[PDB]
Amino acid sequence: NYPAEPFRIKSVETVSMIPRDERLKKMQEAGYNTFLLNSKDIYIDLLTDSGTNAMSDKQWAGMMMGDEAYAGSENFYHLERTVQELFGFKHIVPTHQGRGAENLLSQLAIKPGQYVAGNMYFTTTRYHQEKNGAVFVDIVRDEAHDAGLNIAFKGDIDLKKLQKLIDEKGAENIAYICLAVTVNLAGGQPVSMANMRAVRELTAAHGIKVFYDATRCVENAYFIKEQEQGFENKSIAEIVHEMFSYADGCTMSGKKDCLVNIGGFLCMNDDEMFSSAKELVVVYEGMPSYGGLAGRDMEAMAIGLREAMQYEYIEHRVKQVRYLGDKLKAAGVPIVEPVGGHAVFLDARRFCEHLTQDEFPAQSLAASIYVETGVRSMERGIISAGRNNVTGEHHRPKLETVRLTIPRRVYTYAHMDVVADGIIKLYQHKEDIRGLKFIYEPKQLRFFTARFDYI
């Protein structure tokens, strides 16, 4: 069952419906790298769900009431009250987006040489942990690393790995546990409430802090409501509030589940850390009462976080992604399983099994998808993994995928059909997909500006 949109369209965004012949020329001008395409040339842009969301009429009304004062803006107090109400943390510091909050948390909470342990990781999060002297330890359950395994709550932390870390390194040498909801690297997999409570129980017995990476915590809450026994009578807001009751604080990218185009924040319960955070936020972001955001954006993020709590909104959000995954899977197209809250990942290793990884199957599949449909997707394979600059060899990741990342409230099921129909047609003659070779490769950030040609 797939629900209708629980909203209607207030205003539309103009697009170029250029045809296949012209899309091929645009793809070649981009050197077959979807990251180099111009937005104006893309029909359906599934590069990312970050910051690409459609706002409501209520949020746009809030955008006309930005109090742009440098200190003490009414919009900050609205955001503060909303986050305290819905997440339940004592203190909040706005940041311009998620990695701004990560920067502050890692400087406040890590002594060099300490460990940070988490359920897999995200690139910016782990960078700020490592930059401040932490050693990262993955404590996710082993199943999360099996991309074909169709089981619930795949993002759960293995409590035995956490106990083992505590026993081998000592609780005083662990800076914090970093629990992400959902788990992006596993394909957007949720964490169960039972897991969050067990982690809080164990860490609290040792005086260890837990901070959440909360960027898709509402998608996570929907999975708990749908699949965890005992939560069928709880509202999304009740589930969200209980989730954060098991944490000492969080970092949040509003660009994901708060339904905005920019914005984030840092939450914590400890007064002393809050005071230290306010001393640091002015260094990198702005005042404790704007944190690198215009007043109107704090307002839109306060309104959007509250909208995200509507059951029908988040049900439809997750089930629209599920629709895309279900349609591909029914045609035999290989995807990461189960489908996550925000994206479908194509398995390009299996999709293009006639290509070796050195011929960049995911990069080439993403280029084919755009030519055939006008859909942009993100390479998440060997190109994004980068090259080892000491040895000169590619980093070879186990996952060679194309990410179909779904912005919130932007597309319809008919757009999902454009994406799926086009991929299914490609799959039916997948052996015709050609390998790629570099014609320009920069030393760093190579996925952003590299250019290719066909082998």
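The first residue of the shown sequence is 1; numbering continues from there.
- The records show that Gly392 is omitted from the coordinate set of at least a third of the other eligible entries of this protein.
- Note on 185-193 vs 168-176: mean CA B-factor is higher in 168-176.
- The stretch with the higher mean CA B factor, choosing between 72-80 and 149-157, is 149-157.
- Of the candidates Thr412, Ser39, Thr405, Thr391, the PDB record gives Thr391 the highest C-alpha temperature factor.
- The maximum CA B-factor among the listed residues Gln97, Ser276, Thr373, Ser377, taken from the PDB record, is found at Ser276.
- Among all modelled residues in its chain, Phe136 ranks in the highest third by Cα B-factor.
- Per the PDB record, residue ranking by Cα B-factor puts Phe360 in the middle third of the chain.
- Annotation for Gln428: C-alpha temperature factor in the highest third relative to the rest of the modelled chain, per the entry.
- In the deposited entry, the Cα temperature factor of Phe7 places it in the lowest third of its chain's modelled residues.
- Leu47: CA B factor in the lowest third of modelled residues in this chain (values from the PDB entry).
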